[PDB]
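*Asks:* So that we are looking at the same thing, I have put the structure below in structure tokens.
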């Protein structure tokens, strides 16, 4: 959903805005990894 989408499409904003505080690190912390989204 919007949360997953923020991981998949590399959206820091969404990773804070759409994802919950639990998924937040899971999403953003993952997205911020240049191995996935440089």
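Quick note: numbers on chain A are straight from Swiss-Prot, i.e. 38-75, in order.
Every residue gets a Cβ built from N, Cα and C, even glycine.
Feature annotation from Swiss-Prot assigns disulfide bond to 40-56, 47-74, 52-64.
I would like each feature placed in context: is it buried or exposed, what are its neighbours, and how far apart are things?
*Replies:* Residue 56 (disulfide bond) falls outside any helix or strand according to DSSP and counts as coil. Taking the Cβ of residue 56 (disulfide bond) as centre and 10 Å as the limit, one finds 23 other Cβ atoms among all the protein chains shown.
Sequence-distant neighbours of residue 74 (disulfide bond) (same chain, 6+ apart, CB under 8 A from its CB) are 47, 68. Secondary structure at residue 74 (disulfide bond), taken from DSSP and collapsed to helix, strand or coil, is coil.
For residue 64 (disulfide bond), other Cβ atoms within 10 Å of its Cβ number 25.
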*Asks:* Rounded to an integer, what is the Cα-Cα distance in Å between residue 40 (disulfide bond) and residue 52 (disulfide bond)?
*Replies:* 6
*Asks:* I need the least crowded one of these disulfide-bonded residues (47, 52), counting other C-beta atoms within 10 angstroms of each C-beta.
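*Replies:* Result for the disulfide-bonded residues 47, 52: minimum number of other Cβ atoms within 10 Å at 47.
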*Asks:* Please give me the CB contact count at 10 A for residue 40 (disulfide bond), counting all chains in the structure.
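*Replies:* By my count, 18.
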